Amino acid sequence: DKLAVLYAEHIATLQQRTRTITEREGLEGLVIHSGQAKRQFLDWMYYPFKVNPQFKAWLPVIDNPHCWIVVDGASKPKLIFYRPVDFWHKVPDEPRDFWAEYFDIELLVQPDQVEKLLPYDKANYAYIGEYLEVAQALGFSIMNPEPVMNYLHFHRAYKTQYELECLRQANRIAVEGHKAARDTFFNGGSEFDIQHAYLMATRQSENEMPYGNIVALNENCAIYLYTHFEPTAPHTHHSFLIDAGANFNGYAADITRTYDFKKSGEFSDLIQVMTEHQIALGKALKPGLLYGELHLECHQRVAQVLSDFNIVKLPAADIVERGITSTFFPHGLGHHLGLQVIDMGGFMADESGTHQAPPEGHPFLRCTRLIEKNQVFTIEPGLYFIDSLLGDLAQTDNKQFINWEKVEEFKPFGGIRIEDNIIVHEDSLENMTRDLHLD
């Protein structure tokens, strides 16, 4: 009932957004398409279904293709709901979940019979969806118009209370996964074993994960978009990095933890120092600050670690100025989190979609937007021992400053990332991840 009560105000906010952008762009409405199942080439099997984010923005229906929302922000939202009646599939009930009473629902038995249920004159309706050829055949001429997409993507950064509650519930599920993964690692499990313990504890299958989990042991922790799951355990367990989430009502969690098998020695100490810096970066989110400023602070803190552990034999300020931090921390500090894992509107200065420029030394940073209340962020500093980047560094005139001996002793551990999901309020920060006592 809590989530159901909050949903009423979620619909009213989405109605108000729809009314504003449709009037501004001279449209009679939006037709939002959940998507279709993609058939495999020369085959009868399908790819796993992935819902249009613009569709699930309205309601937690994420496993149903051939659904359509028709909205103008004044009349009651219309939902065309795909309900086939075949003997070979489990026929679910007509929708009676909390969200049903907010839509005029019409049942669609066959995907290609949708034309009769869509507005007769489509001149002033925008199709929002992936299937441009289907839309054209149905008589749409306006498809994913940039001013509408930019407005909706801008405003997706401001979560309704419904959305924030969904994100709390996703974090709660992911944390149960993270505990089971950790325990499997300390029991000598393989990457494959750890992944499947995570899925067992979340009660979510691989394709319900909002992204492909990263489950890395030892040197694989240095590969920051590592995707495989080694079925056989390494002879020696040194380190473990898991980046994994969960789904709730289409909303993602995105949590990363790094562990040391021995729970002592230098790599264990490196995790603890990065954890102190990651907590402080999470507490520096503040309304009225550009996110790019926290990315700069992160480079400063990584330099402090490199200096303090005698990995680079220079004061922190010199490590930053000579660019060396980028070899050890080569990605962004984090991003917006919501319906999508790397959420929309993180690069925008305004509703029309103008980009907020990244900070001077970091031209590739894509999360640059002014922090405000009701926004949700990842904070995910990292420090890695990456062969190709350490190779490039060994060919610069900074090479004498690098403690190559000590870098060699860290390579078997791979690296470190620590990631939390944080809601910014007007006068406080809610660390959803650390409020759940994962550690």
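Numbering starts at 1 and follows the sequence shown.
Trainee: Comparing average C-alpha B factors as deposited, tell me which of 164-172 and 220-228 sits higher.
Mentor: It is 220-228.
Trainee: Which is higher in the entry, the mean Cα B factor of 295-303 or that of 87-95?
Mentor: Taking the mean B-factor of the alpha carbons in each, 87-95 is higher.
Trainee: Looking at the temperature factor on the CA atom of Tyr211, which third of the chain's modelled residues does it land in?
Mentor: For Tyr211, the deposited C-alpha B-factor lands in the middle third.
Trainee: Place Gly282 in the lowest, middle or highest third of its chain's C-alpha B-factors, as listed in the PDB entry.
Mentor: According to the entry, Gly282 has a C-alpha B-factor in the chain's middle third.
Trainee: Within this chain, which third does the Cα B-factor at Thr396 fall in: lowest, middle or highest?
Mentor: According to the entry, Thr396 has a C-alpha B-factor in the chain's middle third.
Trainee: Would the CA B-factor of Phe410 place it in the lowest, middle or highest third of its chain?
Mentor: It belongs to the highest third of the chain when residues are ordered by C-alpha B-factor.
Trainee: Can you work out whether the C-alpha temperature factor of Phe140 puts it in the lowest, middle or highest third of the chain?
Mentor: Answer is middle: the recorded C-alpha B-factor places it there.
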